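> return a 3D structure for these sequence lines:
(2 chains)
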Amino acid sequence: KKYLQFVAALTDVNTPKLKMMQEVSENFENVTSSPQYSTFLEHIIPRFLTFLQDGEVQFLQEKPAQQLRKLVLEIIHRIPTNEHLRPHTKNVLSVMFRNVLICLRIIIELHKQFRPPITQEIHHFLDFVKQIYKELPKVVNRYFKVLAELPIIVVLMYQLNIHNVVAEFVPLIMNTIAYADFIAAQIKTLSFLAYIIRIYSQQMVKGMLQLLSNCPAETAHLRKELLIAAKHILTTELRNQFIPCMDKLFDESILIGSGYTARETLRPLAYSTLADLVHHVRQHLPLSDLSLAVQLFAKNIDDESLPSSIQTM
Amino acid sequence: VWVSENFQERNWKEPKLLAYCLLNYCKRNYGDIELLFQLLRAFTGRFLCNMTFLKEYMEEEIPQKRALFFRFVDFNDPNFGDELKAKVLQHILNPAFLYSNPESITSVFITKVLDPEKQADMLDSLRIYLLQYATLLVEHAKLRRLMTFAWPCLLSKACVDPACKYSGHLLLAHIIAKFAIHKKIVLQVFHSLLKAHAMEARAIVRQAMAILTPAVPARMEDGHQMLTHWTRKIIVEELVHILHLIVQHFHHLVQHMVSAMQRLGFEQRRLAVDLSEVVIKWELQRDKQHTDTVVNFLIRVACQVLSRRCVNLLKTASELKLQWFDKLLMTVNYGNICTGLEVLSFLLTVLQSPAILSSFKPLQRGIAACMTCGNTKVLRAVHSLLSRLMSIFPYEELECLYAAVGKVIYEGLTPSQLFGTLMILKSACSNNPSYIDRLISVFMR
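Numbering: from 1, shown residues only, chains lettered A, B, ... in the order given. The protein structure is shown below:
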């Protein structure tokens, strides 16, 4: 029932009725699971191998044959891999070399299937992150898209580093603002690269404060992770003194979630981190800063709209 | 002075007092022009002492006059207010209309729907409040027009802010409730509400589901049973309560649902019991599918340490006792405590389950090397497991098997050793009045 309906269309699909015949293999293949890895050893490998040979990456056109690209990523997803992935590791790295969506699905698939096997996997992404980071000067030359979003989750999964440390604090001193989605994605990028604190020069103060003051208030899934990351970086017990000695705490205004959504759900999170920040040093606070700190703390004791857990703290 | 010194705060009793002076001024006869300016700095400014001061008075303000309340209170042509002033006005306006009748309101709505006028000044939650106000005037009391003015946030590329985006869908489901059978928006709202459901959308979808819940399943005449894919999208690529609260109130998808629900469940631990309620309601409303379902669930509860409610469902409802309960072979102390508190649970609830008489050899194999050492340093299970033992066995080699296991336990008495040995003999005597008298002399000593 599912043996003669797929083998007789190898050269037809590879070298273009075909589209409707291919679109029916969406939820009808999982039922026909009679072969348990015994027949599909080398039967499926050449299938997607020839599929990726076609399907050009011409982004300037208005999707001439991108329906086939959507179809091939839909059928590749339903293959669990346990053995013989050395050809796969030699095949999946050719899609991020050059409507950037095919690489997102592939990088997700390899992220989930990596656990059962073990490989060193050091072949390409040793200086690739460097090229991505040095493409930022080209970004500001063009504008003032989906290529610099996920270099880190692979690294985070791989780390279950000196060359990586230098690449971390380089983009934190440039990309200064002199939008719709560019600025939202731009801030989203520095949020990921500053989230890594698993490795452990006071060159990160200016970069982190600029994004906090220019944080887009229209988004709701951006300030939550940013404040959570800010909570993590103050719990190192060693680097909690470098940051509260240069800015002189000029962020005592409504810039930590101003708007409507950010002051309702994660409202206690901003004050809890601020309370933790003061509790860290408690040694280099002058009289003027202490007078301002108690003035801000005297207003949270009266806010009877939120549960009194913060007032006890 | 109230207009002028507003920037002084951002000499301490002035905000307490000047508002209190205007408090009594409007309490004399009515509020016509002074009512709209006494809120100029009341709810805004982040004051240390201006909360729960005017709040009680609005609920007491309502107790012929509220019929025409909108025209002489709401607009008034201020030319000085902004978004914050409009919000403060609608906080006190909602209770006035919520507690409460002429036919002259029709012209009011025509004037009301002419607010934007090609200019979108709003950049805050004022849109949500108007939609909530629009729902209040419709549910508690031109239909084509109000559909057209709620258009721009019913898209997928615009209306970035989730609060105003979900409110547009919220009002769409509230309007179409009785007989508005369409071809596009009748199902567009159904498969767009549970898209990218964040943690702050629960308070929005809670009232956005019950309006059309008893209607969509009754109006599936033009449907194609395309609800399995919509459920699959949120159960594979992505809460889970949105898929079961409809079932809580009240065949072709059970095969996929069971596989999906048993895969997603593996700090999200308070969902397995809720799924048991959904399953037990399916059986009550109605076992080729409950066999492996209950086996996996008993594994899930065994992985927890909801204990009382899951036991209640078990008593009001082969491979289970072969692969998981063989933990005492190696066991460390905390695991025995968890095991001891767990063996007391299910062994007490299987006294009225026809399963021991049908298959008990696998049960003995699992507890083969578990009962020999399951009598020391345990106070909870050991002290009470005897009561369940007298109601199991009452055939030859198996009988001698635990008899050999039994005799190697209480024949080395020579005080937990005395506590365990004495308790077992009481169980042995309670098993049957017959007892040999070839070992009494040891007991006398």
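
> what's the burial count for the residue of the stretch 101-250 of chain B found nearest chain A?
Relative to chain A, the nearest point of the stretch 101-250 of chain B is residue B:125 (4.3 Å; Cβ to the nearest Cβ). Just so you know, the C-beta spots here come from the backbone N, C-alpha and C atoms, and that holds for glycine as well. Residue B:125 is flanked by 19 other residues according to other Cβ atoms under 10 Å in any protein chain shown.

> check contacts around it.
Shown in contact with residue B:125 (Cβ atoms under 8 Å, 6 or more residues apart in numbering or on different chains): A:260, B:87, B:163-164.

> any chance you could map the helices in the stretch 201-313 of chain A?
Here the stretch 201-313 of chain A has its helices, by DSSP state H, counting those that start in this stretch, at A:205-213, A:223-233, A:267-281, A:287-300, A:309-312.

> show me what contacts residue 91?
Looking at chain A here, since you left the chain open. Residue A:91 makes contact with A:49, A:52, according to Cβ under 8 Å, 6+ apart.

> right idea, wrong chain: chain B
residue B:43.

> if I look at it, how far off is residue A:259?
Distance of residue B:91 to residue A:259, computed by Cβ to Cβ, to the nearest Å: 18 Å.

> not counting its neighbours along the chain, what's nearest the residue of chain A found nearest chain B?
Per Cβ to the nearest Cβ, the residue of chain A with the smallest distance to chain B is residue A:260, at 4.3 Å. In space, and not counting its chain neighbours, residue A:260 is closest to residue B:125: 4.3 Å by Cβ to Cβ, 6 or more residues apart in numbering or on different chains.

> residue A:95 too?
residue A:103 (5.0 Å).

> repeat that for residue B:426.
Nearest residue to residue B:426, sequence neighbours excluded (Cβ to Cβ, 6+ apart): residue B:386, at 7.1 Å.

> helices or strands next to the one helix or strand that neighbour maps to in the packing?
In the assignment (DSSP states H and E), residue B:386 maps to helix B:380-389. When contacts are defined as 3 or more Cβ pairs under 8 Å, 6 or more residues apart in numbering or on different chains; DSSP states H and E, helix B:380-389 sits against helix B:333-349, helix B:416-431.

> ok, then the element right after it?
Heading towards the C-terminus - elements assigned by DSSP H and E - helix B:380-389 is followed by helix B:397-410.

> quick one, that following helix and helix B:416-431 angle?
For helix B:397-410 against helix B:416-431, the angle by axes from the mean of the first three to the mean of the last three Cα atoms, to 10 degrees is 140 degrees.

> related to what we said a few turns ago, mean neighbour count and distance to residue B:235 for the helices of the stretch 201-313 of chain A - can I get that in CSV?
Supplementary listing: the helices of the stretch 201-313 of chain A in CSV, determined by neighbours: other Cβ atoms under 10 Å in any protein chain shown; distance: least, Cβ to Cβ, whole Å:
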stretch, mean neighbour count, distance to residue B:235
helix A:205-213, 16, 36
helix A:223-233, 17, 24
helix A:267-281, 16, 29
helix A:287-300, 12, 41
helix A:309-312, 11, 34
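
> could I get those helices as TSV with distance to chain B?
Shown next, in TSV, are the helices of the stretch 201-313 of chain A (distance: least, Cβ to the nearest Cβ, whole Å):
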stretch	distance to chain B
helix A:205-213	19
helix A:223-233	9
helix A:267-281	12
helix A:287-300	6
helix A:309-312	13
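
> out of the ones you listed, which is closest to residue B:194?
Nearest to residue B:194 among the helices of the stretch 201-313 of chain A is helix A:223-233 (20.4 Å), distances taken as Cβ to Cβ.

> helices or strands up against that closest one?
Under the contact definition 3+ Cβ pairs under 8 Å, 6+ apart, helix A:223-233 sits against helix A:182-193, helix A:267-281.

> residue B:151 is nearest to which of those helices?
Per Cβ to Cβ, nearest to residue B:151 of the helices and strands packed on helix A:223-233: helix A:182-193, 24.1 Å.

> what is the neighbour count of residue A:200?
9.

> distance of it from residue A:237?
From residue A:200 to residue A:237 the distance is 11 Å (Cβ to Cβ).

> cool, residue B:230 as well?
Counting by Cβ to Cβ, the gap from residue B:230 to residue A:237 is 48 Å.

> quick check on these two: which one has the bigger neighbour count.
Between residue B:230 and residue A:237, counting by other Cβ under 10 Å, residue B:230 is the more crowded of the two (16 against 7).

> so the more buried one is in which element?
Residue B:230 is part of helix B:227-236, with elements assigned from DSSP H and E.

> if we can go back for a sec, any of the contacts of residue B:125 buried? List them.
A:260, B:87, B:163-164 (16 or more other Cβ atoms under 10 Å in any protein chain shown).

> those in strands, which ones?
Using DSSP state E, no member of the buried ones among the contacts of residue B:125 sits in strands.

> now distance to residue B:309 too, for those, in TSV please.
Output for the buried ones among the contacts of residue B:125, formatted as TSV (distance: Cβ to Cβ, whole Å):
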residue	distance to residue B:309
A:260	38
B:87	43
B:163	35
B:164	39
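
> closest to residue A:22 out of the residues you listed?
Lowest distance from residue A:22 to those (Cβ to Cβ) belongs to residue B:164, with 40.3 Å.

> check the secondary structure at the residue nearest to the closest one when sequence neighbours are not counted for me.
Excluding the flanking residues, the one nearest residue B:164 by Cβ to Cβ, 6+ apart is residue B:127, at 4.4 Å. Counting by DSSP: H, G, I helix; E, B strand; the rest coil, the backbone at residue B:127 sits in helix.

> isn't residue B:127 right up against residue B:167?
Yes - with contact defined as Cβ atoms under 8 Å, residue B:127 reaches residue B:167; the gap is 6.7 Å.

> which one of those two is surrounded by more residues?
Neighbour count, other Cβ under 10 Å: between residue B:127 and residue B:167, residue B:167 has more, with 25 against 22.

> residue B:117: how many residues sit nearby?
For residue B:117, the count of nearby residues is 7 (other Cβ under 10 Å).

> quick check: which element contains it?
Counting by DSSP H and E, residue B:117 is part of no helix or strand.
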